[PDB]
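1. PDB entry and its sequence, pasted below:
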Amino acid sequence: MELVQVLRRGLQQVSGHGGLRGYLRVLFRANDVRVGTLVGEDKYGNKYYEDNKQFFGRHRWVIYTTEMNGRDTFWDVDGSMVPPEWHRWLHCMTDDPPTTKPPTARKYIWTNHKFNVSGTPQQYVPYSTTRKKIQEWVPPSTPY
Amino acid sequence: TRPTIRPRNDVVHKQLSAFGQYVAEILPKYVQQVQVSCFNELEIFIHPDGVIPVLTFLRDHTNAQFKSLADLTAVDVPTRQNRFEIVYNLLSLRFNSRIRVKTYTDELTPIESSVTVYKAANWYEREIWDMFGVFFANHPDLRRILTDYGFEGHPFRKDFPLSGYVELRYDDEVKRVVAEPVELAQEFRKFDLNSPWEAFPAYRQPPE
Amino acid sequence: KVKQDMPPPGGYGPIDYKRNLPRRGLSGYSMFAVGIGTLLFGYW
Amino acid sequence: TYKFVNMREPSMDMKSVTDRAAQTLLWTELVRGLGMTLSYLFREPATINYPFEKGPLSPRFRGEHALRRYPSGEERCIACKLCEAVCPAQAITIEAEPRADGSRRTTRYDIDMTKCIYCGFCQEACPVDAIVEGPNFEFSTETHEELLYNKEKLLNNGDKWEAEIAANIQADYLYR
Amino acid sequence: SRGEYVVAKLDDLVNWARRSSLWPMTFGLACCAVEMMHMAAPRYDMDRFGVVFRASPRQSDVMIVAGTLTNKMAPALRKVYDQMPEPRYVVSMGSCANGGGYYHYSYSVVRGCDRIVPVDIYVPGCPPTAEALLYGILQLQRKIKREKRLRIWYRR
Amino acid sequence: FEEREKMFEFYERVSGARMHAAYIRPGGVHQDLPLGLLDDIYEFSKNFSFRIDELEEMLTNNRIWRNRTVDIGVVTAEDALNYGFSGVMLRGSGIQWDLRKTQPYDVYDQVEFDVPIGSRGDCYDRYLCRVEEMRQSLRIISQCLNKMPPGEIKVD
Amino acid sequence: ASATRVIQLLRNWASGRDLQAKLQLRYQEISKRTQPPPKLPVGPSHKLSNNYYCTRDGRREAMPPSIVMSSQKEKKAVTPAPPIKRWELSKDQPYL
Amino acid sequence: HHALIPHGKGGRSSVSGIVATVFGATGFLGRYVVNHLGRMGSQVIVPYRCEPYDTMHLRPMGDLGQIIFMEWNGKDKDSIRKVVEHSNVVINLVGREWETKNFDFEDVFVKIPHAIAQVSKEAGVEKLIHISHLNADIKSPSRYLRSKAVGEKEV
Amino acid sequence: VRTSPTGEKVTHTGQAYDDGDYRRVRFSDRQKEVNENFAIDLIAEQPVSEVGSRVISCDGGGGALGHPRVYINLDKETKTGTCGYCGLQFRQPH
Amino acid sequence: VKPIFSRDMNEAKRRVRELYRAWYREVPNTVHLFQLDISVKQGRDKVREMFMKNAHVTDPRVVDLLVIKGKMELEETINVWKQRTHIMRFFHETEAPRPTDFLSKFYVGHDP
Ligand SMILES: NC(=O)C1=CN([C@@H]2O[C@H](COP(=O)(O)OP(=O)(O)OC[C@H]3O[C@@H](n4cnc5c(N)ncnc54)[C@H](OP(=O)(O)O)[C@@H]3O)[C@@H](O)[C@H]2O)C=CC1
Ligand code: SF4
Ligand code: SF4
């Protein structure tokens, strides 16, 4: 019967995540216990998976790394953690993963992606980028 | 041929011109000028006293059954003595045509309300009074819509600045939202975009 | 060569656009007969 | 040209009357709606597992503005101020002076992300493809001031997202 | 210290309870309400995260100012904020609510909802995509997670 | 609203904004349709009929839904005309007026569709008209998909 | 979808329709995200000759409105337009 | 050290030039003092000890950038230094009506005010405002009043 | 990216808060966002192309992905011709 | 010239008197309903000041138009259309006093 097949598929999901401990790990971290083909992994540790059988919008997903840029991300994960190269593959902007089609290499491009830094000492602070317009007269230092 | 340019329909132009002459003949007491735009739109210019008579004539079938008030609005041109140009847009479903009636007024001269003839002009006249300074006589209930309850000025008037004169903020001392004089952090940058060269010679005004 | 997002040659397939609310269920006599029969059996 | 909704007369035959009496007494239509809801219960839910799963986007997506550079590394913007003119919300403030090298560069380029309407203008106006709304959308801030971007912030965003932005422009530059 | 440990664990518990069950109020003025509903729509359904729309301000915990805040609407917005029990957080959605957006120079628009009520998270966009709003809500949840109310109480 | 999300995806593909796009401009359209969009619109439209049918199943014949709307908000045709009503409000009362047929603006003269007309001028009749208008919009969408011309998307 | 046959039968019977044929969720039927590069056609005015802007200048062909009557200086009754023709009931489905 | 020319009409966006650090701004008097500074457009460098949530109500009082929230430690003097470093005026409102376990009446009325005054002088703060009840006196029976008088003399 | 006497990182614009200025307080517990890459240095580093024609055209690279095409005159031996947009430098050989 | 409501200045004065009467008697009800902290006398003094603001007008039509506006404001206050904020906007409490002597203006700013 198909019910037995579904139960066995659940058992295969348990095995594929590395055992019961990995199954519980992914269940608590991501709330999803699906097993998919590992397309690749960024330098920061985020792992990217693809399951074309699942309907559009769930065919691609990312398991965020437990540690990025000196922050423990085992429980606190955010979308900004995705590096730009994998961002377009994840959001379906392109069908080609960065491993297959690497981005063009430029010197000015950042080598380490930073997540949203709001609420942190690294937060951006606005300031004027122009010098003083009017220069005041400097009084002479001699008494007269 | 000439794909870019908009096609012209002369038949509708002739029909609108003939109907405009019809309206001009029927009520010469009020109509001052009737013109047909080359995009096939008919405008009848009326003395302010004729708003109710001519509109009632248009609604009732003297070969004209304009029974729906498209929109009612004003255009404030400060140069003219009657700075406000009251504009009526009507649609006739029987004849699948629309005509426009336009009249003028001052800040101090009331214009008769058209609530009786159309009944859709209640809120339109209220909006005209709230934005522009035009007062409609015999209106069932003339009060402000789209402005704050205590708003003093009349916006859309070409004199009212876009940012207004007052600004609202919450004040903890009085535990209430309080108005204050406007003080913009970034002044709206006025751009002078008009080109020094004439664009349309067809509309060249006489040198005088 | 020109390549714009164009309909496929011959156009797309027909697209259903009318109510297809199906006709389902037994006739009223049948429903009443079933109900009364169940009631009679229960009573017995 | 026109179709009549309603405007239908029920049959008065005994079978039809019995059917309608059955519908009223036996709540048939309510049961049909219930069955529809049950079927939707057994259908697969459409929820995506955000943030682990992201919603689809096209290359033309309009998000966080990002100043770009030439491959050499020189900043593309050439202080044309065309963006400030088209800006429909006046969220772009540009100040320029001849730099030491003598090139026409912007001493100040501020995009107030609190006044911008994400119209997509400027991206379509800049003659040198300088300001280009990036793919990023998740740049919420805890304070208002963080959303008043500066030229340094825009250039940092461009450097951060250039890998994706160049690819998106490459995807869409032929349509423009 | 043991007392500090107990206080820290209790604060973790209360912060987890508050961030897991965030009840935003059904408050949408302008266009951004549509994207808010799309967040409530099945694709990005907020109920998975514990986010449930509850009409009552007294039964609500977060106010999402989704839309242009006009001068006429501002006193009502302040009133509904005040009637909302604490802890209360405000999320500003849309350029219009953040700083006035397209209608910043309008006579009838309050240039940002920060002027009327304090704001915790600003969601840029016009309209902010529903994913951006969900991201802002999760950022608010992390902000709650970082709160140290009981720790500060113990340090006094 | 799931279908609404898909239509927002179509908006995003053409213009880059899920809503409030600047696609339609004086002189035409800003950018031509990205390759592959039209067939995706075909895929969406071929199944949208089942969704709208399911909505009718939930609401059209429900006793409660009829009781809430069968005779509320009745407007006389002459009163509707005088008060300036337009669209369904007019057509619900039974007057036959649709600007798409009476005064076609762009290419509606080259498409075939039926204007839904009501008979009792109530909320339920307006509901019926809105649902039918959706169906006729699906028909118009099929027609437009089949006969999209090749060429420029903005005035030369 | 990935539903078992039993669940498919149950959902279809509850609907009264075959849900499997038309599934709201999207699968491989969607168009590929990456598409071959496009080549958009030029318009009518992309010509090297006989393309003087004077001929195709739409704006300069507009004129101020013609004044039919001005106060400041038998005949058959006329209407703004011919009366509208009565609409005809649709052939495809006259009554919903 | 930090002289600012007043500009504007004295409104919310105007620059009054009074860069101030209102200690105890979250207080009953602080709620109003900060409000007035903001409505004058005075840059207020608010030092806080509590959670930012409690300080959130002070945010609307000033315009964008006018109100800066910086955590300070009551005992540590470097926090006082960093919070008065660029201030031309420092206001001392650090009063606790009741006496806490960690902080006694002396701690909050002598050490803290004296530390603030001294560090303000080190940074070059032009003007300092201190608050002590009229009843507070060097012989006043209430311990907190006596500490307030001592702190006043030390300030 | 040089450092001002106050310790701030001077911007490519040359912006740095003076010790007297009170606006430095905004970075007290936060950071001043400065882009380390400076356009002037990078444009200087690029080698000068040598072309044997009196007039050359720079599109900035990538065709439509660059900047409007301009033609640069290289007659002057003393000074290299510089693209107004790209900033690349060209000169005739010898 | 077409009269709005009065053909002469006297008739406009009569209408002004009626409007003043109505505002005067409404003031205590406004104080009670809106829970304002001002006294009835204070509100009536503000009413008197507002009425004297328009005293210099010497045209009957302008007087009539002002009366119409006054009637609309009174209808708003009689209903609860205006909030407590709107009612207190007459009392410019938050706004700081603006000195009027030349020397103070010279000190404060460049404004004429
Ligand atoms: N009737 C009155 O109000 C009178 C007031 N005063 C003085 O006026 C000042 C302000 O009054 P008011 O605002 O009403 O007082 P509050 O008690 O309401 O607030 C005083 C402020 O002191 C701060 N504070 C207290 N202890 C410490 C500490 N150990 N470290 C850091 N901050 C601390 C509080 O911050 P937090 O809340 O976070 O602890 C609070 O902001 C006080 O100095 C008070 O003694 C004197 C005479 C009369
Ligand atoms: S997208 Fe924003 S910044 Fe760019 S032009 Fe439009 S309003 Fe201005
Ligand atoms: S930010 Fe944009 S979408 Fe949101 S309310 Fe303002 S105009 Fe509407």
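-> Here it is on my side, so go on. Numbers count the residues shown, from 1 in each chain, chains lettered A, B, ... in the order given. Ligands and ions are numbered 1, 2, ... in the order given.
2. surely residue B:13 is in contact with residue B:35?
-> No - if you go by CB atoms under 8 Å, residue B:13 and residue B:35 don't touch, sitting 11.5 Å apart. (C-beta placed from N, C-alpha, C; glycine too.)
3. ok, these two, which is more surrounded?
-> The residue with more neighbours, out of residue B:13 and residue B:35, is residue B:35; 21 against 18, by other CB atoms under 10 Å in any protein chain shown.
4. hmm, residue G:65 and the more buried one touching each other?
-> Yes - between residue B:35 and residue G:65 there is a contact under CB under 8 Å: 4.3 Å.
5. need the residues touching each of the two.
-> Common contacts of residue B:35 and residue G:65 (CB atoms under 8 Å, 6 or more residues apart in numbering or on different chains): residue B:43.
6. what's the burial count for residue D:30?
-> 14.
7. list the contacts of it.
-> F:62, F:63.
8. again with residue H:66
-> H:38, H:41, H:42, H:43, H:44.
9. got the phi/psi numbers for residue B:43?
-> Torsion angles at residue B:43 (phi, psi; degrees, to the nearest 10) stand at phi -120, psi 130.
10. return every residue with contacts to both of residue B:13 and residue B:35.
-> Counting by CB under 8 Å, 6+ apart, no residue touches both residue B:13 and residue B:35.
11. so residue E:103 sits right up against residue E:94, yeah?
-> No - assessed by CB under 8 Å, residue E:103 is found out of contact with residue E:94, at 10.9 Å.
12. okay, and the common contacts of these two?
-> residue E:68.
13. more neighbours: these two, which one.
-> Shown here are residue E:103 and residue E:94; by other CB under 10 Å, residue E:94 has more neighbours (33 against 21).
14. right, and that one touches residue E:67 too?
-> Yes - with contact defined as CB under 8 Å, residue E:94 counts as touching residue E:67 (6.4 Å).
15. any common contacting residues for the two?
-> In contact with both residue E:94 and residue E:67: E:30, E:31, E:32, using CB under 8 Å, 6+ apart.
16. among those, which lie within helices?
-> Residues of these located in helices (DSSP state H): residue E:32.
17. for the shared contacts of residue E:94 and residue E:67, pick the one with the most neighbours.
-> Result: residue E:32 is most packed of the shared contacts of residue E:94 and residue E:67 (other CB under 10 Å), 30 neighbours.
18. buried set for stretch I:25-37?
-> Under the neighbour-count criterion of 16 or more other CB atoms under 10 Å in any protein chain shown, stretch I:25-37 has I:25, I:26, I:30, I:32, I:33, I:34, I:35, I:37 buried.
19. report the entries of those residues that also contact chain A.
-> Residues of those in contact with chain A (CB under 8 Å from any CB of the partner chain): I:26, I:30, I:32, I:33, I:37.
20. would you mind giving the residues you listed as CSV with distance to residue B:145 and secondary structure added?
-> As requested, those are exported to CSV (distance: CB to CB, whole Å; DSSP: H, G, I helix; E, B strand; the rest coil):
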residue, distance to residue B:145, secondary structure
I:26, 44, helix
I:30, 46, coil
I:32, 49, coil
I:33, 46, coil
I:37, 55, coil
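21. done for today, thanks.
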